[PDB]
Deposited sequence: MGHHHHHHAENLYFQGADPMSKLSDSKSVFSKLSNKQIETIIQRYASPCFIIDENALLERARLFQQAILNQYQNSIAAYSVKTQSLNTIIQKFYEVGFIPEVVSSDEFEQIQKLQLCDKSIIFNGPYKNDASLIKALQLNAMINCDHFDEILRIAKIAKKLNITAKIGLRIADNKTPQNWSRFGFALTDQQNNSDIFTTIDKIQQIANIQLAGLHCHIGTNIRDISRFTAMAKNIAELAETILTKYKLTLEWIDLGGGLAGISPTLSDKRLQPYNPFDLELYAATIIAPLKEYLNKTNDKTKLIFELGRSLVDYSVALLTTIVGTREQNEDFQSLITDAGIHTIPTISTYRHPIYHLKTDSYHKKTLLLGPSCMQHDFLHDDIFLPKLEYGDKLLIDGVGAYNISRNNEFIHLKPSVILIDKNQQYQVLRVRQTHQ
């Protein structure tokens, strides 16, 4: 019964048919829309959650999840430190000419130029393979300075967190590091997956990371400068295999912060709260503040009990629709719903938004709102068949601000 946008729990339930028509008139269909108020409320509440649990906590902005410059700026304005996983992302942040050049540099591939600038700005660099530690050392001699680094750890003692990415925690690697000159171990990094709703996995990882920081404490007389627990917390959209049809409530960030931090408080207290605790939540912060407006542009079948419709948005506009049941809302005053097949604007057999959803009868020109698409869609748009659609911010004054102009030939 919450099929209708105005009757939903969506951030965008406030949007009338008239407002949607105006957005599309100005910026064309399909159109991404981002609500600034909801987005920055979530950002600030996350900072409160972690700081209430540990006062030397730092929220880092996961650029890859939502890489629009304007959004990065706004999270930076409330105290987030940019976190990048590539040299391009690293240089994106530099071009923003931010006053505070603090930055977290992750990723399996950091080119030489990126690592030079990073060292000059004393970024926090977390390495996940050995050859990179060596390349940083040679740079750390040419550049007459010692380089602090962190090590990405794989929580391979936890079955659900096992990963080939990072040094496995199942030590020989740290013995080598300290005989290495110009390199000084300064932190740990661990990122165990994505869309994690079983926060037992965060407890497990935090316990093993704490045991590691304790063993590093004794076998090496070293207190870590930072512990980065990555991201991975679940968003609001159920997976397609999930039996739940309705979206989840945005995950309780106080529950997340208390669960993951609890196994680490013992170590952090010995360090007199000088070890920084870093969090890199992306999806769970940004997903539900972004929706896609799409228009029905054709009909293949239309009978009492079934309709097959063509939309102007498909899997090349929101690729994560192939993995998640993103909520789909309509604008009709109509009680009778029928099985509905929503096809994208491609005659490719995998380009559909949903094959088993119940919606009222729709026709050419009707609009749908696809909610919870704020993570890992916009920046994956491409120029295949259809050019990239507009991205609009509903700013904190309820005024539209274009963040990406619709592409044209």
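Annotation: deposited residues 1-18, 189-196, 436 are not represented by C-alpha coordinates in the model.
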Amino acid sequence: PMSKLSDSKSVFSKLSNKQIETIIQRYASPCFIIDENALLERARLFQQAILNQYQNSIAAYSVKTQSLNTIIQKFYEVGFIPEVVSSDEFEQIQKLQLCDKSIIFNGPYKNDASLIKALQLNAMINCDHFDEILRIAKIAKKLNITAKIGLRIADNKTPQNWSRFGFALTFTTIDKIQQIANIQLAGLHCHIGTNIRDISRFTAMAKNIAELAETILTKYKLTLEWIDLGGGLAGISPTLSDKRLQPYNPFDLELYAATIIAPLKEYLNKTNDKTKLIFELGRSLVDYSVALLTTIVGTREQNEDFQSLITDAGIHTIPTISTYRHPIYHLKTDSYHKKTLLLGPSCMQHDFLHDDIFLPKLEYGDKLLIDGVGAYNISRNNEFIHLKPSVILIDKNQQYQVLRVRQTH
From here on, numbers count along this sequence of modelled residues.
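When the mean C-alpha temperature factors of 68-76 and 101-109 are read from the deposited coordinates, 101-109 comes out higher. Across the two stretches, 151-159 and 196-204, the PDB entry reports the greater mean Cα temperature factor for 151-159. Highest C-alpha temperature factor among 50, 348, 43, 28 per the entry: 348. Set against one another, the Cα B-factors of 183, 309, 278, 240 in the record reach their highest point at 183. Ranked against the other modelled residues of its chain, the C-alpha B-factor of residue 288 as given in the entry falls in the lowest third. Residue 255: CA B factor in the middle third of modelled residues in this chain (values from the PDB entry). The PDB entry assigns residue 141 a C-alpha temperature factor belonging to the highest third of its chain's modelled residues. When all modelled residues of the chain are sorted by CA temperature factor, residue 325 is found within the lowest third. Looking at the C-alpha B-factors along this chain, the one for residue 87 belongs to the middle third.
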